[PDB]
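Below is one structure; the comments refer to it alone.
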C-alpha cells in the first residue's frame with residue numbers, strides 16, 4: 001500500500017516515527033477531508049477533496065514521497 005511505503009522509508013530513517021492527522025473543514029453540506037503527516041519537523045498535507053478518509057491519506061502520502069524524490073528547492 002502507498003501508506004505502508006511511507007512507514008518503510010520513515011523507519012529506514014532511524015525510526016522517524018511519523019504521525020498522521022486528518023483535517024476536517026468547510027460547510028456541513030459540503031465537507032472537506034484532508035490528510036496531514038509530520039516528517040522530521042516538516043508537515044505535509046494534500047489540499048484535495050476525497051470521498052473517503054482513506055483516500056485522503058493516499059493523496060497526502062504521495063506528496064510526502066514526492067518531496068523525498070525531489071526537494072523542489074533551488075538557488
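Please treat every number below as a calculation from the coordinates, not as lab data.
Structure summary
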| read-out | value |
| --- | --- |
| For region 28-75: relative contact order, % (alpha-carbon pairs under 8 angstrom, 6 or more apart) | 33 percent |
| Difference of contour (0.36 nm per residue) and Cα-Cα distance, residue 21 to residue 73 | 16.2 nm |
| Degrees, to the nearest 10: 2-12 long Cα axis against longest axis of the chain | 30 degrees |
| Degrees separating the helix 53-69 axis from the principal Cα axis of the chain, which is the longest one | 30 degrees |
